[PDB]
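Enquirer: Need coordinates for the below:
(chains A, B, C, D, E, F, G, H and I, ligands or ions: 128)
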Amino acid sequence: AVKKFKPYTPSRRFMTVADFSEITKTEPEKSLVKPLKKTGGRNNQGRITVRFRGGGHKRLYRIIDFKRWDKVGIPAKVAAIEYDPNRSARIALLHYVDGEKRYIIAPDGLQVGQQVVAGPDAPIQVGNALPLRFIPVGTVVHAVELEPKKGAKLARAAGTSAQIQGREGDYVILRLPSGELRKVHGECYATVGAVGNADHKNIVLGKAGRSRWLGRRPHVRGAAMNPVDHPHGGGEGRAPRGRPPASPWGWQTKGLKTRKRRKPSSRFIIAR
Amino acid sequence: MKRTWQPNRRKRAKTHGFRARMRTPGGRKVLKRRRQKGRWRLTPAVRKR
RNA sequence: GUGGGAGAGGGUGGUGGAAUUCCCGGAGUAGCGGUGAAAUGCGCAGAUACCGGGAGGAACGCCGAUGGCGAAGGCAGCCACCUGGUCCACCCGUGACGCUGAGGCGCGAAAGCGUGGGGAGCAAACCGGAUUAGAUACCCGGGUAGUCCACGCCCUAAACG
RNA sequence: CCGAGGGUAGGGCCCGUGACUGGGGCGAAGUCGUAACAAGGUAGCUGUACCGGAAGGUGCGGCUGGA
RNA sequence: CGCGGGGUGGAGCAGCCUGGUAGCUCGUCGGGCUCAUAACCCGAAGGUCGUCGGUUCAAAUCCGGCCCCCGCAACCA
RNA sequence: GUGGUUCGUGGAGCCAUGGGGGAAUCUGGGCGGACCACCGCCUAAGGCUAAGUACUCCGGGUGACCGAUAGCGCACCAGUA
RNA sequence: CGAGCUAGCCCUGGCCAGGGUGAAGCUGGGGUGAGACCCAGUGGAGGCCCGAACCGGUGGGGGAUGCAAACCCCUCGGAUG
RNA sequence: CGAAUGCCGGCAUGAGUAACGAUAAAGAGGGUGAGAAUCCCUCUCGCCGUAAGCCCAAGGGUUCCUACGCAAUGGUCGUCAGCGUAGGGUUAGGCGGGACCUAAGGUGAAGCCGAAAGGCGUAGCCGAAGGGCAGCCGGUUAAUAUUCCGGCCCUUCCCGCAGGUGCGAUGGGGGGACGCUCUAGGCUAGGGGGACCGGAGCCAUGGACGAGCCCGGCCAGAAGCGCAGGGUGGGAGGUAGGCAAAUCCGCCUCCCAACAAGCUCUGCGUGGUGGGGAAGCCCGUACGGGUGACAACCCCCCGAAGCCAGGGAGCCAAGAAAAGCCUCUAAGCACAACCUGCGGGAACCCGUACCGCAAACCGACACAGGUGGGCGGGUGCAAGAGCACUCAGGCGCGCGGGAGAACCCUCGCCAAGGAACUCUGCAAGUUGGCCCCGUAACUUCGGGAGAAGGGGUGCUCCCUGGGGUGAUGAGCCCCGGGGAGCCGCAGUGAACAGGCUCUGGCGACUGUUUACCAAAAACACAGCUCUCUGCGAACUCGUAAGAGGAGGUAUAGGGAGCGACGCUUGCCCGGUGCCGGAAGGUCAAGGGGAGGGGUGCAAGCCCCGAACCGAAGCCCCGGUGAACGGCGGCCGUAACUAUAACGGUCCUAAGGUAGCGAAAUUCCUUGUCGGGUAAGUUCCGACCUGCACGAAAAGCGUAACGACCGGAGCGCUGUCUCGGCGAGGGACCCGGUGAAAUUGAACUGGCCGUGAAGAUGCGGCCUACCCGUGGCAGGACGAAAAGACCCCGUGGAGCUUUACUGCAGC
RNA sequence: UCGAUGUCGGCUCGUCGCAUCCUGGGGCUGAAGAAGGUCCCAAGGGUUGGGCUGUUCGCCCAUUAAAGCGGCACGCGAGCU
Ligand SMILES: [Mg+2]
Ligand SMILES: [Mg+2]
Ligand SMILES: [Mg+2]
Ligand SMILES: [Mg+2]
Ligand SMILES: [Mg+2]
Ligand SMILES: [Mg+2]
Ligand SMILES: [Mg+2]
Ligand SMILES: [Mg+2]
Ligand SMILES: [Mg+2]
Ligand SMILES: [Mg+2]
Ligand SMILES: [Mg+2]
Ligand SMILES: [Mg+2]
Ligand SMILES: [Mg+2]
Ligand SMILES: [Mg+2]
Ligand SMILES: [Mg+2]
Ligand SMILES: [Mg+2]
Ligand SMILES: [Mg+2]
Ligand SMILES: [Mg+2]
Ligand SMILES: [Mg+2]
Ligand SMILES: [Mg+2]
Ligand SMILES: [Mg+2]
Ligand SMILES: [Mg+2]
Ligand SMILES: [Mg+2]
Ligand SMILES: [Mg+2]
Ligand SMILES: [Mg+2]
Ligand SMILES: [Mg+2]
Ligand SMILES: [Mg+2]
Ligand SMILES: [Mg+2]
Ligand SMILES: [Mg+2]
Ligand SMILES: [Mg+2]
Ligand SMILES: [Mg+2]
Ligand SMILES: [Mg+2]
Ligand SMILES: [Mg+2]
Ligand SMILES: [Mg+2]
Ligand SMILES: [Mg+2]
Ligand SMILES: [Mg+2]
Ligand SMILES: [Mg+2]
Ligand SMILES: [Mg+2]
Ligand SMILES: [Mg+2]
Ligand SMILES: [Mg+2]
Ligand SMILES: [Mg+2]
Ligand SMILES: [Mg+2]
Ligand SMILES: [Mg+2]
Ligand SMILES: [Mg+2]
Ligand SMILES: [Mg+2]
Ligand SMILES: [Mg+2]
Ligand SMILES: [Mg+2]
Ligand SMILES: [Mg+2]
Ligand SMILES: [Mg+2]
Ligand SMILES: [Mg+2]
Ligand SMILES: [Mg+2]
Ligand SMILES: [Mg+2]
Ligand SMILES: [Mg+2]
Ligand SMILES: [Mg+2]
Ligand SMILES: [Mg+2]
Ligand SMILES: [Mg+2]
Ligand SMILES: [Mg+2]
Ligand SMILES: [Mg+2]
Ligand SMILES: [Mg+2]
Ligand SMILES: [Mg+2]
Ligand SMILES: [Mg+2]
Ligand SMILES: [Mg+2]
Ligand SMILES: [Mg+2]
Ligand SMILES: [Mg+2]
Ligand SMILES: [Mg+2]
Ligand SMILES: [Mg+2]
Ligand SMILES: [Mg+2]
Ligand SMILES: [Mg+2]
Ligand SMILES: [Mg+2]
Ligand SMILES: [Mg+2]
Ligand SMILES: [Mg+2]
Ligand SMILES: [Mg+2]
Ligand SMILES: [Mg+2]
Ligand SMILES: [Mg+2]
Ligand SMILES: [Mg+2]
Ligand SMILES: [Mg+2]
Ligand SMILES: [Mg+2]
Ligand SMILES: [Mg+2]
Ligand SMILES: [Mg+2]
Ligand SMILES: [Mg+2]
Ligand SMILES: [Mg+2]
Ligand SMILES: [Mg+2]
Ligand SMILES: [Mg+2]
Ligand SMILES: [Mg+2]
Ligand SMILES: [Mg+2]
Ligand SMILES: [Mg+2]
Ligand SMILES: [Mg+2]
Ligand SMILES: [Mg+2]
Ligand SMILES: [Mg+2]
Ligand SMILES: [Mg+2]
Ligand SMILES: [Mg+2]
Ligand SMILES: [Mg+2]
Ligand SMILES: [Mg+2]
Ligand SMILES: [Mg+2]
Ligand SMILES: [Mg+2]
Ligand SMILES: [Mg+2]
Ligand SMILES: [Mg+2]
Ligand SMILES: [Mg+2]
Ligand SMILES: [Mg+2]
Ligand SMILES: [Mg+2]
Ligand SMILES: [Mg+2]
Ligand SMILES: [Mg+2]
Ligand SMILES: [Mg+2]
Ligand SMILES: [Mg+2]
Ligand SMILES: [Mg+2]
Ligand SMILES: [Mg+2]
Ligand SMILES: [Mg+2]
Ligand SMILES: [Mg+2]
Ligand SMILES: [Mg+2]
Ligand SMILES: [Mg+2]
Ligand SMILES: [Mg+2]
Ligand SMILES: [Mg+2]
Ligand SMILES: [Mg+2]
Ligand SMILES: [Mg+2]
Ligand SMILES: [Mg+2]
Ligand SMILES: [Mg+2]
Ligand SMILES: [Mg+2]
Ligand SMILES: [Mg+2]
Ligand SMILES: [Mg+2]
Ligand SMILES: [Mg+2]
Ligand SMILES: [Mg+2]
Ligand SMILES: [Mg+2]
Ligand SMILES: [Mg+2]
Ligand SMILES: [Mg+2]
Ligand SMILES: [Mg+2]
Ligand SMILES: [Mg+2]
Ligand SMILES: [Mg+2]
Ligand SMILES: [Mg+2]
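Expert: Numbering: from 1, shown residues only, chains lettered A, B, ... in the order given. Ligands and ions are numbered 1, 2, ... in the order given. Structure as follows:
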């Protein structure tokens, strides 16, 4: 989708909005299973650690289910599909037959009315979740766990997905939304299908405000400020850095790798 | 234009208050000295009810 | 109409080996590549040559033919689904409802453009090596848009019988 | 009231004109290379796209006006 | 005015700083191949080294004086 | 690796130690300025211990000390206005 | 010791007269094979428009031991973000 | 002590000078009084009036009220006061705060961390203009009142009786409970009219004894009705989730509704009864009191932004929590308890005065400044919180009187010209609101656009079509059209109310910034691109524990540059940086001991110490520029001259492409040619010889936007020729109060000399009676600041880097 | 003169020198006349309006009897911009 606009105001011409057709007549969220008071704040205890944040629409947290072995075997019916301000993926709310309700990040396909479930059993269909081993090599899938019982963590962004590649001992090779081939443990669930609402990468914010709404204040270039507060700074009419591009704190930012070398997680990785 | 003193009872006891100064090691010393110097008033005289 | 027939005609989805390139494991050295001849180039940090495993993309050998189909462009591994045209027999039905077609309207290789994906081989531009008086070329080694896909544009051709 | 004509103002069309610039034509015997015609010494021609002092080159696809 | 760089056969460049020995590409001349010109092949010629001085036995080469040439600085007021 | 000592790595011991190795019970251990030999001195890794020394919010004495611009910031309702 | 000025941010409350302009989406009619699309009427968008409060502080002028250690008059910018 | 721009204190000078804090404005009579422009009174006048009037909040803390008072405080006066002395004055179960709750944030048992002091921290507490929660209207005081009193109306507790029910939790669930903008229906507040009703009155000056002028025609109100609207389905089986249990909730499943039909709950009428009550006239106030009055206390019309409120429609950025309240159960208990009536008793603490856009708060001051929320009437102007006048209510701004010079400020007008003014139309003018005609290039199809340029605009009569409320009608009120005619110089007759265009530069655009000299072409910005980060992420803070990132997960997050959009972004990896290289070469600790030394008679004990093995870094090998950067010189050549498509040669890592170019970059320079002018160092279009453009420190464009900057034309003008008058506030004069910086001391003249080279002061001559007031600024190297540039001092700070040396971090 | 002497231009107000731009007088002329050249005497008065530039300055435009050079802290900021 992606709503468009006629130019009746510069900016609201290039501006592009999402299409909330996929939003089952829902909107008002569900008390109980979410929401919780969401403590918004751009800095830690005192100081500001991440810069340029703050401001932007008030938000309510939708406490989603990111570990599904909670209900192994208990099937549930997908009730609605709603908007979640805390993420890029739309989310689906679903009523188990157990009578319990919980939200799930909604996969592309999954339609309201559908029945979905989790566990070793589970049929390989959009929405169902199973330990990685039991999933057919090659099938795509989202909401992966990295270590058994620790909760989903990979491919959860709007319309992202990972594809299974092979098996190898108690591990199974994956291919993350980034292109890295990772070795994940067999016992990590991963609900099947891709995340959906993949038009998300196409929304043209539009104006200055639009960014402000999502809570992101203006970002000033180092080049603009002085030597006192950033490498690229001073002296006359602009300047060409004058040294290898660096961050406010001073480490190179055009090429310098960061992953800490001797990490134990190294051996389970294979790509880029 | 607007100036720098905008009186506020709450802020004043809340900041230069007595329990305020007792709470920290530096403030307790603030008291010591003032006590040791004589000062009729150890801390500002906030008021009302 | 009834009943049959051929076909790479169109769309969508799914799928099979062959080979190429990269990757790792093996084992093996002293050269491989390349041309008219050579050099660039690749290689004792282990190349080329062989075995095994893996990834991925594109094109689909033999069948293939001077063949079939399509209105033109064009269309080829294999499977299913949805679909158009089309020839035959039976002479059953309507009963002149026909031809053409300014304009409009859709279609329309390749290259090009847009936003997103993909990217193996090839490959403008470009980089070296030869060749020449000089080569911005023909040859050689590299190599990016592109070629591939989705939606959207563009409307050209020796769109040629 | 209307009203020739006059006046204010903005458009349409058409002709002359202008530093300078893009191409085109013509101008017996100036410069540079040789692309085409013989297989033209790289078959050519092409729509197109990039590049080159210039003819041009090369990329993708088509054609016989060639093998 | 000041700083440093440079004048070499016809053209463009080496040659010095560690003084004795001028080298390269082109061009020019004679000869070949071609019907002829170019290419290509065979041979040959050409340099008071910007000038006036001395330094040494000996100066393109070391050192001062001028003749042009090129580049850099001419700031605070 | 360092601190302490006069000791700034110096021939740098002794006394404290963060790190790592890691003993012995008198024929056992330390020290006497690298080290070794004699010759000597001491007995580490538990603790307590008066008096002699410091100071002066406070009390009394004395001043070749001040005398209200001095002497404490204040002689006086000052850490006050 | 200070964020009772000022800068950001967090929590929770308020404020924005009155006018213009009229997006999408609807409904209707046109159109077609079904469309795209076109008309109306409707609707009421927007870091839109005019301009008070409210927030600024553009040009000039006065003030310059001032009314004022930044002020006054005229004039001007934003004014549902 | 004579000087230190010395310290402290006192007193001079300027000086009776400048001032007396908004140009809203005063006059007179009468009082009082020792003494009035300045106090009381009254009469007249002027100012505000979406306030300069009321009402809350903060803050202030006696300022409130009374009497008695002027020495000081008042910018003069003062009998007055916000001042001095003293006495009084602030009434609450219902308004606000607490014995209710929770947000950020604080705190903090547990837990963790830290040389110490301390840092962190789920549970619990605290934290308020948020949620919850029971009061309306009048009367009284010199001063308080939703507090006192009157009428009416509510709330919890406790103890009784009288009934009902399994009652019962800090535990389960429900609810409370939420954005923006646009909105409906009906109400209320509030406002207009009235021939009707109620009133003391009044014919003024030529007319009017009249549906005449004037004044007012309400307010609260329990139950119960009535009119609006808000909420919510009822049964019944089945259950494995709501961390125990539930009959409640959730989820299947059948019934009946699908409606508000029924319960509720709000507000809004009406309601027993209760209270108000104008002008004007009489009074005595500092003010209110009495008559009016047995007051009347009714019909329409406008109507909210407020109420019904958890109303609805849309949209995207997707919009607190906890308690009260309802229900469900556990222990316990079921002679308890809790529910509904009904009585009777109990209801604490603190705030209440007054100021509160201001003389009581913030600004040293009775300071033209600043300060959150609510009410803010009428008329006309298209509308309004705009504007002009005026309600109620509050004011005339705590120095006056005259004068009527210069000059200043603020304002008005002007002959002829109209930009000649000037750095520049700077300023001032013109133009302005509304309705209707009519509008270009360009363009991203919206815009440009209020383009431009034009007409209409008052009042009277006639005729006529729509709405609303009433009933399909009167009235009442809102909108339309036509037709005649009237008067002015002029009809948005006063106030509020764009000058317009053409063409460059820059940045897309709304936005932001140097609080107190810079609002821009600067920052920001959507958008692009590079690059890091697989999650106990990267990165940032912190010694840590921690925390942000993020309760996110590659369509996400950190860093960097460019900056909408269009068309594009060419070459060099030689140096630097980053990336990729299980080879090497070097390389520290440590491994290793060939071998040498010191002592011992010795066994021993003590030092050195070579091969060799030893990382990361570096060297070396590759790659990468939307990484740091860079992107040539000299000669020759065309059948006119000229010039070079062609060539040679030297050096590069490669040798600037497109596109732009005398530019926001052009030194020479006003390059040269065209355009604009009578004339054009600027501007505009060209040319290219680019001192010294050029492709993400982006190149060249661009509709639109702009308090940006340049050029130009129209229009209009006191900008100017070139001034002139007038106005008001000062200046001037008298009375009252009365500063300041400065100052070696002063009996302080010109010329020409002279001197440390710029003389009132030394020289000669010249002039020159003593002392003032208004003026002008040439001088006193006038005042103000131990010069802010310059240099010096082995002075200091901020910044940079392949300067030296450390340090954190890796 | 650095315990401060404000600095280019414009403007307003002027004053002075004369090595005179005009007009007054004159000698010589290669001065027929007219209009010129050139010198000598003479400052008494006059010595314009625009275009461009911050400009001094110059360059032009339309005139003029002429469109003089200089000094006065590149006169003049307790007078202005
Ligand atoms: Mg909730
Ligand atoms: Mg803290
Ligand atoms: Mg930025
Ligand atoms: Mg800066
Ligand atoms: Mg820096
Ligand atoms: Mg038949
Ligand atoms: Mg017939
Ligand atoms: Mg046909
Ligand atoms: Mg096509
Ligand atoms: Mg194609
Ligand atoms: Mg994109
Ligand atoms: Mg290739
Ligand atoms: Mg050749
Ligand atoms: Mg090739
Ligand atoms: Mg053909
Ligand atoms: Mg023309
Ligand atoms: Mg031409
Ligand atoms: Mg030729
Ligand atoms: Mg040829
Ligand atoms: Mg060819
Ligand atoms: Mg081609
Ligand atoms: Mg030491
Ligand atoms: Mg020892
Ligand atoms: Mg000893
Ligand atoms: Mg010894
Ligand atoms: Mg001893
Ligand atoms: Mg002791
Ligand atoms: Mg004393
Ligand atoms: Mg004395
Ligand atoms: Mg519409
Ligand atoms: Mg609107
Ligand atoms: Mg707006
Ligand atoms: Mg300003
Ligand atoms: Mg506005
Ligand atoms: Mg002395
Ligand atoms: Mg003194
Ligand atoms: Mg005086
Ligand atoms: Mg005077
Ligand atoms: Mg005076
Ligand atoms: Mg006054
Ligand atoms: Mg008296
Ligand atoms: Mg008035
Ligand atoms: Mg008092
Ligand atoms: Mg009083
Ligand atoms: Mg009195
Ligand atoms: Mg007085
Ligand atoms: Mg005063
Ligand atoms: Mg008093
Ligand atoms: Mg109590
Ligand atoms: Mg509490
Ligand atoms: Mg609490
Ligand atoms: Mg704490
Ligand atoms: Mg509260
Ligand atoms: Mg209450
Ligand atoms: Mg009162
Ligand atoms: Mg119960
Ligand atoms: Mg409960
Ligand atoms: Mg609850
Ligand atoms: Mg009469
Ligand atoms: Mg009532
Ligand atoms: Mg349970
Ligand atoms: Mg009465
Ligand atoms: Mg609602
Ligand atoms: Mg609680
Ligand atoms: Mg009170
Ligand atoms: Mg009160
Ligand atoms: Mg107010
Ligand atoms: Mg006053
Ligand atoms: Mg005031
Ligand atoms: Mg205000
Ligand atoms: Mg109102
Ligand atoms: Mg109006
Ligand atoms: Mg007003
Ligand atoms: Mg005039
Ligand atoms: Mg006139
Ligand atoms: Mg005119
Ligand atoms: Mg002019
Ligand atoms: Mg002038
Ligand atoms: Mg101008
Ligand atoms: Mg102006
Ligand atoms: Mg302009
Ligand atoms: Mg801008
Ligand atoms: Mg400023
Ligand atoms: Mg500001
Ligand atoms: Mg601005
Ligand atoms: Mg974390
Ligand atoms: Mg912190
Ligand atoms: Mg978080
Ligand atoms: Mg990123
Ligand atoms: Mg930039
Ligand atoms: Mg920029
Ligand atoms: Mg580039
Ligand atoms: Mg490199
Ligand atoms: Mg490079
Ligand atoms: Mg390299
Ligand atoms: Mg490396
Ligand atoms: Mg190494
Ligand atoms: Mg140029
Ligand atoms: Mg001209
Ligand atoms: Mg010109
Ligand atoms: Mg330049
Ligand atoms: Mg540039
Ligand atoms: Mg660049
Ligand atoms: Mg730019
Ligand atoms: Mg702006
Ligand atoms: Mg004037
Ligand atoms: Mg006057
Ligand atoms: Mg006087
Ligand atoms: Mg005298
Ligand atoms: Mg003198
Ligand atoms: Mg004397
Ligand atoms: Mg004298
Ligand atoms: Mg003077
Ligand atoms: Mg001075
Ligand atoms: Mg000094
Ligand atoms: Mg300087
Ligand atoms: Mg030094
Ligand atoms: Mg001096
Ligand atoms: Mg000086
Ligand atoms: Mg002085
Ligand atoms: Mg003569
Ligand atoms: Mg003379
Ligand atoms: Mg002009
Ligand atoms: Mg003069
Ligand atoms: Mg001079
Ligand atoms: Mg000068
Ligand atoms: Mg001067
Ligand atoms: Mg002076």
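
Enquirer: Counting neighbours, what do you get for the residue in chain B that RNA strand C sits nearest to?
Expert: Residue of chain B nearest RNA strand C, by CB to the nearest atom of the strand: residue B:2 (49.0 Å). For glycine as for every other residue, the C-beta is placed from the backbone atoms N, C-alpha and C. As a burial measure, residue B:2 scores 4 neighbours (other CB atoms under 10 Å in any protein chain shown).

Enquirer: now swap in residue A:92 and tell me
Expert: Neighbours of residue A:92 under the rule other CB under 10 Å: 27.

Enquirer: Counting neighbours, what do you get for the residue lying closest to it once chain neighbours are set aside?
Expert: Closest residue to residue A:92 apart from its sequence neighbours, by CB to CB, 6 or more residues apart in numbering or on different chains: residue A:106 at 3.9 Å. Applying other CB under 10 Å, we find 26 residues neighbouring residue A:106.

Enquirer: show me what contacts residue A:106?
Expert: Residue A:106 makes contacts with A:81, A:89, A:90, A:91, A:92, A:195, A:196, A:197, as judged by CB atoms under 8 Å, 6 or more residues apart in numbering or on different chains.

Enquirer: of these, closest to ligand 5?
Expert: Within the contacts of residue A:106, distances to ligand 5 taken as CB to the ion reach their minimum at residue A:89, with 41.3 Å.

Enquirer: can you tell me which residues contact that closest one?
Expert: The contact partners of residue A:89, by CB under 8 Å, 6+ apart, come to A:105, A:106, A:156, A:157, A:158, A:159, A:195, A:196, A:197.

Enquirer: name the element it belongs to?
Expert: For residue A:89, there is no helix or strand it lies in under DSSP states H and E.

Enquirer: Can you tell me how far it is from residue A:129?
Expert: Residue A:89 sits 15 Å away from residue A:129, going by CB to CB, to the nearest Å.

Enquirer: Secondary structure added to the contacts of residue A:89, as CSV?
Expert: Shown next, in CSV, are the contacts of residue A:89 (DSSP: H, G, I helix; E, B strand; the rest coil):
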residue, secondary structure
A:105, strand
A:106, coil
A:156, coil
A:157, coil
A:158, coil
A:159, coil
A:195, coil
A:196, coil
A:197, coil
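
Enquirer: And the residue of the stretch 151-272 of chain A that's closest to RNA strand H?
Expert: Counting by CB to the nearest atom of the strand, the stretch 151-272 of chain A gets nearest RNA strand H through residue A:255, at 2.2 Å.

Enquirer: what about that residue, how many residues close to it?
Expert: For residue A:255, the neighbour count with other CB under 10 Å is 7.

Enquirer: Can you tell me the element it falls in?
Expert: Using DSSP H and E, no helix or strand contains residue A:255.

Enquirer: what do you get for residue A:211?
Expert: Using DSSP H and E, residue A:211 maps to helix A:208-213.

Enquirer: Make sure residue A:38 is actually in contact with residue A:61.
Expert: Yes: if you go by CB atoms under 8 Å, residue A:38 and residue A:61 touch, sitting 4.0 Å apart.

Enquirer: Need the residues touching each of these two.
Expert: In contact with both residue A:38 and residue A:61: residue A:86, using CB under 8 Å, 6+ apart.

Enquirer: can you list contacts of the helix or strand where residue B:15 lies?
Expert: Using DSSP H and E, residue B:15 sits within helix B:9-16. The contact list for helix B:9-16 (CB under 8 Å, 6+ apart) reads B:20, B:43, B:44, B:46, B:47, B:48.

Enquirer: Please point out which parts of that helix sit buried.
Expert: Within helix B:9-16, the residues that count as buried by 16 or more other CB atoms under 10 Å in any protein chain shown are B:12, B:13.
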